[PDB]
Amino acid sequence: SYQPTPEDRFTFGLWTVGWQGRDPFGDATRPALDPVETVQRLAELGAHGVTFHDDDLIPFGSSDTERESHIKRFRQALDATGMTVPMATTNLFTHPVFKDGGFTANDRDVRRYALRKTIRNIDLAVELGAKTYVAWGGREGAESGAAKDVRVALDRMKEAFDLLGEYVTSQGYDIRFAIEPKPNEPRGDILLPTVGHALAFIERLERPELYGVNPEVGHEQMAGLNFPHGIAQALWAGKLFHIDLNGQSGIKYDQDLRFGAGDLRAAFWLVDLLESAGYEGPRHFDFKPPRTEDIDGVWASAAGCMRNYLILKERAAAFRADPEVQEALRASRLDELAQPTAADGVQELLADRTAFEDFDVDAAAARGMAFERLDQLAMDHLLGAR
């Protein structure tokens, strides 16, 4: 039961299962993993594909020869297993040069370097098949107020994404960008801190059609936000180009628990939403097996990501299929929410005494929403207590 297969589109970053366990207070607890080993183990577990930062696949500073060798062995593992690479990204955060940012570093020379580093890896991503190129500007931001003029930083951010769009347009590449918001960590505050801020920013780019969001469960939860609601807004905008799935236990450091852990009910509502919306993209896990775990625990945690998605998918489908739930949704007027408020237009509305002058507010107010019965059906379905 709940056995993943490539059909399910589950993907993982090299840096997820490959996390060695270093944290702000801790040295590594596991050895580095060869990307080839990761491709093989994930294929065996039923994954569809793998994603990478440039510097996860090719060690930073590699010579051209060394680079080509790391790429070759990775391609052979992908080719052997049938694993895909639907997304890739750039590491614009680890190297000390990026301490004040990549695209919004105060030093101009750093901004230019960030763009070149990105462009090099776009070319590689395209060859390997990626259709989405993620950008997580984890160093874009500040710890103090005068360090970063945010209006000017947004000018630089826009400039950078507009040039990237000019580059992929001039190359004829198919690939789209997905901007990943995060509220904080490793900067005190990160620019584009939520899905909304990223969506808004995209609308000022030259070619907005080339850009969407890559929201992450835990990131929105680091602002105490409702991740399903934010995904709904991204879907409403036509901008859910990719997603990062994991768990997070509230407002704290980015934990990257396996998917299903953390806010379990939010995981359920997320799966419900992705499945009813027909999201087509990868089901990508950006998670970290806790550093308590050895390599066997790494693979158990990765398998758990997929298993939990599949359990939740089953529960959400059962919920929506249940005639008792379909009736409860009507009792709660979810059908009526879909009716246009005033298709009849402004003049009709203004002349309609049933909308104001003769509207019985007390009788409307007295009508319960029946949301608790509805939500207890959802609870019962999630828990298998039906």
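Heads up: residue numbers just count along the shown sequence, starting at 1.
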query	finding
Which of 125-133 and 255-263 has higher mean CA B factor, as the PDB entry lists it	125-133
Mean C-alpha B-factor comparison - 63-71 and 43-51, higher one	63-71
Highest-ranked of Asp162, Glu280, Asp107, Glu275 once sorted by CA temperature factor in the record	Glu280
Residue, from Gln339, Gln347, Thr29, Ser332, that the PDB entry assigns the highest Cα B-factor	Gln347
Within-chain third of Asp79 by Cα B-factor, per the entry	highest
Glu293 by Cα B-factor - lowest, middle or highest third of the modelled chain	lowest
Third of the chain's Cα B-factor distribution that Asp149 belongs to, per the entry	middle
Chain third (lowest, middle, highest) by recorded CA B-factor, residue given as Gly368	middle
Chain-wide C-alpha B factor ranking for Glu166, given as lowest, middle or highest third	highest
